[PDB]
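Remarks on the structure that follows.
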Amino acid sequence: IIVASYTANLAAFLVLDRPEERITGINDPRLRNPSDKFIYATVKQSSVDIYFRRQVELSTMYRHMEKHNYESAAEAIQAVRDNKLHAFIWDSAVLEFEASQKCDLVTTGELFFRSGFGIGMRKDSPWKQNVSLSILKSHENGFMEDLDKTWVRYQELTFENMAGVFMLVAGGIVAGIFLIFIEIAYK
Amino acid sequence: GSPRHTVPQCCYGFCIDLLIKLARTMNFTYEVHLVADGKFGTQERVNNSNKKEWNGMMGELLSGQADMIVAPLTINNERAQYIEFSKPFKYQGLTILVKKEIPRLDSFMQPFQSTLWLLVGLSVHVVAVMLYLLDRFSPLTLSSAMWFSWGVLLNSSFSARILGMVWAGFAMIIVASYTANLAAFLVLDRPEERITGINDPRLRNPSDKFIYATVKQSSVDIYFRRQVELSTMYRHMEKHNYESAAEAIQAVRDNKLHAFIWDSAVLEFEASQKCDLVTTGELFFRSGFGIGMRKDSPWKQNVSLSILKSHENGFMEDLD
Amino acid sequence: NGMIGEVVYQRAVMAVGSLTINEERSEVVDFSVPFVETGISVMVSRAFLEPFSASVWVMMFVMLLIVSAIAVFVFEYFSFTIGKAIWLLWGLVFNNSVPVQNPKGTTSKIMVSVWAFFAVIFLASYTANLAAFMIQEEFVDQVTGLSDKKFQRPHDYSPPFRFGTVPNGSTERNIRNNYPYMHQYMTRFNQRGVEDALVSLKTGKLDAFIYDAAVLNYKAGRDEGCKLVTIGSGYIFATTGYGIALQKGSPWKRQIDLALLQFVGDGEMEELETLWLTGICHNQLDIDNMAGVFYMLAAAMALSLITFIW
Amino acid sequence: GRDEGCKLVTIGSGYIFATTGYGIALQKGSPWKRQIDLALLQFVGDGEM
Amino acid sequence: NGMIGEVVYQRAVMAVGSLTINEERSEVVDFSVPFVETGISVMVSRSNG
Amino acid sequence: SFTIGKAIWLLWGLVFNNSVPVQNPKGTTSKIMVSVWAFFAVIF
Ligand SMILES: *[C@@H]1O[C@H](CO)[C@@H](O)[C@H](O)[C@H]1NC(C)=O
Ligand SMILES: *[C@@H]1O[C@H](CO)[C@@H](O)[C@H](O)[C@H]1NC(C)=O
Ligand SMILES: *[C@@H]1O[C@H](CO)[C@@H](O)[C@H](O)[C@H]1NC(C)=O
Ligand SMILES: *[C@@H]1O[C@H](CO)[C@@H](O)[C@H](O)[C@H]1NC(C)=O
Ligand SMILES: *[C@@H]1O[C@H](CO)[C@@H](O)[C@H](O)[C@H]1NC(C)=O
Ligand SMILES: *[C@@H]1O[C@H](CO)[C@@H](O)[C@H](O)[C@H]1NC(C)=O
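Protein chains in written order, with the deposited numbering: chain A, 642 to 797, 808 to 838; chain B, 445 to 548, 551 to 585, 601 to 617, 626 to 789; chain C, 494 to 539, 548 to 579, 598 to 802, 811 to 837; chain D, 740 to 788; chain E, 494 to 542; chain F, 598 to 641.
Rendered as structure tokens:
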């Protein structure tokens, strides 16, 4: 009974569930009502703030992130590197490359606002229509395929509970051999 | 069903005792009777003059044949435009009753596939044969080698110790893996066996495995007729308009149905009655059920005050 | 012909109905902005030693050699534990009813007790690791590459696969502008239509089918048993969008584009995608494990024959 | 639902409790009362509430 | 006092805000139909177990 | 000639696989049903 309960206990510590230890839902009012440790930030004067300003229920996040406006995204990378941040709205594949860099940088599963990214252009121009046709000609073939193979696609257990167990059993052996010396010298 | 059989019988229960308490409150008399049909009542087009009329309980109340409908009245916007209401005594929502109750051998040998049993049997036979061959070529003897091969496998040789230790470690790692995956299968044996509320695209266009129905001429049908994304489901529900909810219980118990839309606490009480009924989890349309009332009347004030007096004390807990 | 035959030949104003976008369609008329991420995809029918015990393996063998050397030192200092301690000690790992000897040395019995407690705890950790391996979801998948050696010739492997599309479509033009030989292999393996290839994939009369990705995702979220699984998530595919074609010179085009941008950027397009898509389809003994153990067992028979002949 | 810690679940869901509701208190004699009640039944009876 | 002092004494018209409903409040004014199921409950510390 | 009444213990002690091993005869009786009971122990 003891060893079966102990075995099921050690099988019970590592039961991986859905993520609710950190906030994953975008419609959570804990995003609408942050705390001192709910540090979420954005790029200073970004399109995310414009998408927030287009809606009307975003004044609380604006008044929270007005003291959290970041100049560059590398500032956010360094802040989440030193565990200063807790959430950051950012594009998908760049964070996929960052997760390929470091394993502790983990994204969430809720993929929201699946938008389109193009090129900032001027007005009507002879360098507009043929340029858009060249965009379509570069999209129809695999010109971005090997570019995904460069950095997007290409990334760059018994081991967890073994070290301290090994050290404790080794210390028990070191104590036990000396106890054997005591028991032999007593006889 | 019946040609003409209307007999005096005994009626009791929840709202009957509620009426007993109401008659205890105010000094009046009454006459308990039943509605003629078994339908709630919809404002369906009568065959002449192109007019939407009522039937059933409202058809008897508006015709003067009834005084006060004592029923769990589904309070909605349409019926309030014609009559007055009372305080909603019941606070009850909507849910989906399904059938997820199928009894269980747990796949030991007869539902379980026969790789490991015959494989380990033939393998330990090969082990016993080659241990006896090594016993012959030494660098009740056959029974001794076979029982040695059993006792290594039982889990309770100068050049044959390697074979025995590999077979012993193999047998224990196989029975450990079998214990682990049987336990992990019977812990995680909860598949998708529900509807997840009205937000279900499979019920927007159902199939033969998704047979759902409703009560014929119900207020839930009117509530679905208001919303635009439900009439397609009515294309599955117009062919299965059931008279009573007990017929729906009998149909879903004999696996002729798969989902039923009904109030929550009634299905919880029936799940307490019948153990083979489990509803879904998402509660929607948290509504209030009151008493069918007539228009402006002096028996609207003190009656609603008696309802509030019943709400404020522990008499609601007594009715619980 | 079709909607191109109606709009370009000045018999229809605009094509509100959806259509794939390629070069010559963008040449004949003017599309709108892409409002939805609809690429293409291909619908198909559809050990425990080295990844688990690799660095723990070395230290457990070192601990085994240390405990065996201590047992030999106690047996020679204070009844077959001269050099045969390996079989006894690795039978003490498992304890599968192996009668070996009665250890009269107290140190040997203390080591048996400590090693038995240690055997219980790493057996519990190994069962926990098997449960942890059970936690993630895995299935058998083939190669996702569009430049597969299977695609060059299905005689390269023992099952010859089969694949078709719908006739006279823009997907066929996308193939012929990329690989006309792929069109030559598809011409031998032609089929009729959408639902015909659907029934062929349900009944197993087809191996692969090239189609748009999002419609196959909508059909696989409602799949019977979720057997029909797409290849990837649009990685070695087109990964394009859908637009609304207008005639070349339409004054409504900028207003329609700004209306689509207003439709996307307020969750209303997200509400329509919630209403009109599905996401229920998320992402028995093992066979390869005892096969690899049988390879290690054949190596064990080889080593036992080597120890027997000498 | 906004708790810091998420460790506060009360006894049941109003089983041994009062289980009452909230309304709009109009003065005795307001003609707007029926229209307000019909507006509330419109707001509840479509999923908007 | 409060909203009851404002509505019953006719300094206000009606209470659009939230208000608990009991006997004498239903005596002094006329509540509308209920729109939300708000009972009572007890909150405790309820530490780990 | 010593496990006449202790055969109940002979089936009852190996349930938790740490008992004293009893000398079993070679008359093809004990070890077969002992392996059957041990396999049943592996089940339960
Ligand atoms: C685009 O290219 C064409 C030649 O293919 C020519 O009219 C000119 O270079 C460009 N015209 C426009 C409309 O930009
Ligand atoms: C009700 O109808 C059934 C079937 O006709 C009949 O057997 C039964 O006697 C009837 N009971 C009454 C109340 O008349
Ligand atoms: C009140 O109740 C009594 C019975 O207790 C009855 O005789 C009488 O008619 C009722 N009416 C009144 C108000 O007196
Ligand atoms: C109208 O006539 C039909 C029979 O044709 C019958 O159901 C009943 O007499 C009437 N009621 C309705 C609306 O069906
Ligand atoms: C309420 O109480 C009595 C008995 O129910 C009734 O006669 C009276 O008319 C009612 N009160 C008023 C003021 O209408
Ligand atoms: C469409 O494809 C069919 C073969 O499936 C072919 O016979 C027909 O000619 C094609 N239509 C046109 C107009 O090319």
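Backbone N, C-alpha and C define an ideal beta-carbon position, used for all residues, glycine too.
Within a 10 Å sphere around the beta-carbon of residue 751(D) sit fewer than 16 other beta-carbons, which makes this residue exposed. Going by DSSP, residue 646(A) is part of the alpha helix (DSSP H) stretching over 643 to 654. Shown here, residue 751(A) sits in coil according to DSSP, grouped into three states, outside any helix or strand. The Cβ neighbour count for residue 837(A), taken over all protein chains shown within 10 Å, is under 16; the residue is labelled exposed. By the rule that beta-carbons nearer than 9 Å mark a contact, residue 555(B) does not touch chain C. The continuous beta strand (DSSP E) containing residue 489(B) extends over residues 488 to 490. Collapsing the DSSP output to three states places residue 760(D) in a strand. Shown in chain order are the residues whose CB sits closer than 5 Å to a heavy atom of ligand 6: 686(C), 687(C). Residue contact with chain E for residue 776(D): present (Cβ-Cβ distance below 9 Å to some residue of chain E). For residue 511(E), the three-state secondary structure derived from DSSP is coil.
Taking a beta-carbon distance threshold of 9 Å, residue 824(C) does not count as an interface residue toward chain A. Proximity of chain B to residue 610(C) at the Cβ level (cut-off 7 Å) is accounted for by 634, 637, in chain order. The alpha-carbon separation between residue 722(A) and residue 634(C) amounts to approximately 43 Å.
Proximity to ligand 2 was defined by a C-beta distance below 6 Å to any of its heavy atoms, and the residues meeting it, in sequence along the chain, are 446(B), 449(B), 451(B).
Ranked by how close their Cα comes to the Cα of residue 630(C), the residues 604(C), 665(C), 524(C), 495(C) have 604(C) in first place.
In the structure shown, the three-state DSSP call for residue 683(B) is strand.
With 5 Å as the limit, the residues whose C-beta approaches any heavy atom of ligand 1 more closely are 767(A), 770(A), 771(A), in sequence along the chain.
Within the DSSP bridge table, the entry for residue 787(D) names no partner. Relative to residue 507(C), the option among 525(C), 532(C), 514(C) whose CA is nearest is 525(C). Taking a contact to require three or more Cβ pairs closer than 8 Å, the stretch 677 to 687 of chain B and the stretch 709 to 727 of chain B qualify as touching. For residue 755(D), there is no enclosing alpha helix (DSSP H), as DSSP marks it with neither H nor E.
In this structure, residue 720(C) sits away from residue 556(C), with a CB-CB distance that is not shorter than 9 Å.
From the listed residues 471(B), 578(B), 781(B), 646(B), the smallest Cα separation to residue 643(C) is found for 646(B).
In chain order, 712, 713 place their CB closer than 7 Å to the CB of residue 482(B), counting only its own chain and leaving out the 5 sequence neighbours on each side. Closest in C-alpha terms to residue 673(C), from the list 708(C), 693(C), 767(C), comes 708(C).
When Cβ-Cβ separations below 9 Å define contact, residue 762(D) makes contact with chain E. Residue state for residue 682(C) is assigned as strand, using DSSP reduced to three classes. Neighbourhood of residue 737(B) in chain C, by CB distance below 8 Å: empty, with the nearest CB roughly 26 Å away.
The three-state reading of DSSP puts residue 736(C) in helix, counting H, G and I together. Annotated three-state conformation of residue 555(B) is coil, per DSSP. The beta carbon of residue 526(E) falls within 9 Å of a beta carbon belonging to chain B, placing the residue at that interface. The Cβ of residue 657(B) sits no closer than 9 Å to any Cβ of chain F. The beta carbon of residue 799(C) falls within 9 Å of a beta carbon belonging to chain B, placing the residue at that interface. 654(B) is the residue among 460(B), 654(B), 745(B) whose C-alpha sits nearest the C-alpha of residue 655(C). In the DSSP assignment, residue 537(B) falls outside any alpha helix (DSSP H) and within the unbroken beta strand (DSSP E) covering 534 to 542.
For residue 514(C) against residue 729(C), the beta-carbon gap comes to about 17 Å, at or over 8 Å, which does not count as contact.
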